[PDB]
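Asker: Quick one: structure below, then a few questions.
Here Cβ is always computed from backbone atoms with ideal geometry, including for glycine, and neighbour counts include all displayed protein chains. Each value in this text was obtained by applying a stated rule to the coordinates, not by laboratory testing.
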RNA sequence: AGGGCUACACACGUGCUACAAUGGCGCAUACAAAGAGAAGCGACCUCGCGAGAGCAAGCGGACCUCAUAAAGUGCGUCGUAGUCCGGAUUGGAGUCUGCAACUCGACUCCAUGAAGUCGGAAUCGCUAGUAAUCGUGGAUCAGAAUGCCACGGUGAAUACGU
Ligand SMILES: [Zn+2]
């Protein structure tokens, strides 16, 4: 992923100045991106989770990890150990490549794209967003699709403040409406 | 007697006859091949819809003179079948009489 | 990582009406022909029309009325 | 017969067995039969292969079974996708072209099941 | 359909209000009534709240959302089933 | 100002079209009646398959326009097939009117052209130019009818009887 190179070089170069970090290891890093899809309604059908799984499998070049409901719950009539999710862990170049892919294909592909948020950072420069529809990715057919299922994302970084993740993502020219 | 509907009709007819001969030629600008469809007749349409749509002769229902009825109207007499039949019986329509053949 | 379970991640081409062509890996497979990118995108510009981005201007000059 | 990927019938007037193309009634049938210059009431089995190839490369100037089928498909697809009313009539599989709906439209809806 | 010789149809207030917007903002719609006005490719990117008889239902103008009428995208009767 | 009266799981009622060779198509070809016609008819002419458009005479009319009647007749064609029956539906592209044709106009061209193989129980109309069918015009009407009214055109059966 070029973004990875760009990070390592230009973003690295920028941030050492931007935070005045004395040790590159003290410098933040994007360590992983987790795409969780809280299917939830997989209590209804397996194939929707499978479709969601096919969806999360098609979108990113990495077979998914099908999450399960931790405990059973009446609020959602989910039984414990049940597959009410599906997610993938992108890290490394796949992470970066899907990253470039994302911010340069699907972000335009947003309906009435008004800019991406700047605050859904979980407190440690780990960002978290919500995707409402998968069709923004051209890995999708949009005609042979089954749903408009989104997912949520937790881009977990080695940045440690929300602001640092913000700055880091700004280094990637994140929209940050 | 619903003088609201009848005031609407009279008001509509009055303004259509006021701004008459204007939407006429404003239409003449538009069914003619000139004006490039974008220079004169196009601006002309703008002027058309500035002109009260309530000055068009199609908004009129052509209501009966005595009663202002929307339906059953007849362009020959200007009155409903009812008012006209009563007059026909009374003889105030010269020459008219029940046909039979 | 594992094998034979992970989707195929070949590098395809993102050639958009933006006119930019990018080589990303994905599960697409084919050469991808696009409409808009990180460039030639509204939010990434301030221009109305950030690129032809659809030639319906053609029909709009097929009916010319301005 | 195998023209345009289909198998237009044989022992049939040329104009008529030309109407078998999804996109050619009788009008376009005649149109092609003329633009290639072949008699109408010549049956299909009455046609040589030079005229057949002539037809092959003459019908080509239209949209054809799969192409046209697909084409109309994508048209309705833009209908649906654009989010319009006709899109909704189409979504429902209802009269789209402005028919009455409380009783008729047993064509789009299908017969009186309920 | 509409005669070509006649052109498109759109209210002047709509055009001018539209113009002042393409002058002076991008962020908010207009609350119109003219379900019969046409959609110009210049209105693309807007999400105008068009009337529908009682409510100003909003419609985001896109490329393909060009050749139809404002009334085409503000349905008037709410059917749900029997 | 908009929308609704046009909504549509549905039932019914009228009416339209068909399911075909006594017919479909193509060709040619004649016979009406009536009425309407001036913010109309509108000849011709010209453009446009066409919707129509321009041009536009005349006509307030036993005179000018609607305006060819259709059915028919003869030629061929189709050859009994969901068919060269149908022509629903749908797509596209138009023409027309109107401030305007999304709801919610009409038409034109192209293109798929659906059911549909004559129809349950039941049930309707009619005794002669009638039924039956052909077509025609008029109203309302900016535009808008399969409905209404009217005109002619072909044109039969049976009524034993109670
Ligand atoms: Zn682009």
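Asker: Based on the alpha-carbon set only, what is the convex hull volume of the protein assembly as shown divided per residue, in Å³?
Answerer: Hull volume normalised by residue count: 320 Å³.
Asker: Considering chain D, what Rg and Dmax in Å follow from its alpha-carbon atoms?
Answerer: Cα only, chain D: 18.7, 56 Å (Rg, Dmax).
Asker: Using only the Cα atoms of the range B:44-101, construct the convex hull and provide its projected area averaged over every direction, in square nanometres to one decimal.
Answerer: For the range B:44-101, averaging the hull's shadow over all directions gives 6.3 nm².
Asker: Additional query: How much of the pair distance distribution for chain B lies past 19 Å, counting alpha-carbon pairs only, in percent?
Answerer: Cα-Cα pairs of chain B separated by over 19 Å account for 59 percent.
Asker: Peptide A:99-107: average number of partner chain Cβ atoms within 10 Å per residue?
Answerer: Counting other chains' Cβ atoms within 10 Å and averaging over A:99-107 gives 5.
Asker: Moving on. I'd like the distance separating the alpha-carbon centroids of the range D:79-105 and the range A:120-177, in whole Å.
Answerer: The distance from the Cα centre of the range D:79-105 to that of the range A:120-177 comes to 38 Å.
Asker: Taking the highest mean first, how do the peptides A:36-45, B:53-62 order by number of other beta carbon atoms within 10 angstrom per residue?
Answerer: Ranking the peptides A:36-45, B:53-62 by packing returns A:36-45, B:53-62.
Asker: Still on this model: Taking Cα atoms, how many degrees apart are the long axis of helix A:46-59 and the longest axis of chain A, rounded to 10 and kept between 0 and 90?
Answerer: That works out to roughly 20 degrees.
Asker: Would you kindly calculate the translational diffusion coefficient of the range A:1-47, applying Stokes-Einstein with the Kirkwood radius from alpha carbon pairs, for 37 °C and a viscosity of 0.692 mPa s, and quote it in µm² s⁻¹ without decimals?
Answerer: So the translational diffusion coefficient is about 242 µm²/s.
Asker: Just need the relative contact order of chain B here, percent rounded to a whole number, with Cα pairs under 8 Å and 6+ apart.
Answerer: Normalised by residue count, the contact order of chain B is 22 percent.
Asker: Under the √(5λ) rule applied to the eigenvalues of the Cα gyration tensor, what semi-axes describe the equivalent ellipsoid of the range A:3-172? Give them in Å, descending.
Answerer: Values for the range A:3-172, descending: 31, 19, 14 Å.
Asker: Rounded to the nearest Å, what's the spacing between the alpha carbon centres of the range B:4-68 and the range E:20-82? Just the number, please.
Answerer: Taking the Cα centre of each part, the range B:4-68 and the range E:20-82 sit 27 Å apart.
Asker: Mind sorting C:37, B:64 by how few other Cβ atoms lie within 10 Å of their own Cβ, fewest first?
Answerer: B:64, C:37
Asker: Place the peptides D:12-22, B:27-37 in order of packing, highest mean first, counting for every residue the other Cβ atoms within 10 Å and averaging per peptide.
Answerer: Highest mean packing first, the order is D:12-22, B:27-37.
Asker: If I take every Cα pair under 8 Å that is 6 or more residues apart in the range A:61-177, average their sequence separation and divide by the length, what percent do I get for the relative contact order?
Answerer: Normalised by residue count, the contact order of the range A:61-177 is 22 percent.
Asker: To the nearest 0.05, how large is the calculated FRET efficiency for residue A:122 and residue E:60 if R₀ is 35 Å and r is the Cβ-Cβ distance?
Answerer: After rounding to 0.05, the efficiency reads 0.65.
Asker: Normalized C-alpha radius of gyration of the range E:2-82, against 2.2 N^0.38 Å?
Answerer: This ratio for the range E:2-82 stands at 1.14.
Asker: With Kirkwood's inverse mean 1/r over C-alpha pairs for Rh, give me the Rg to Rh ratio of chain C, two decimals please.
Answerer: 1.20
Asker: Same structure again: How would you rank E:70-78, A:103-111, highest first, on the average number of other Cβ atoms within 10 Å across their residues?
Answerer: Highest mean packing first, the order is A:103-111, E:70-78.
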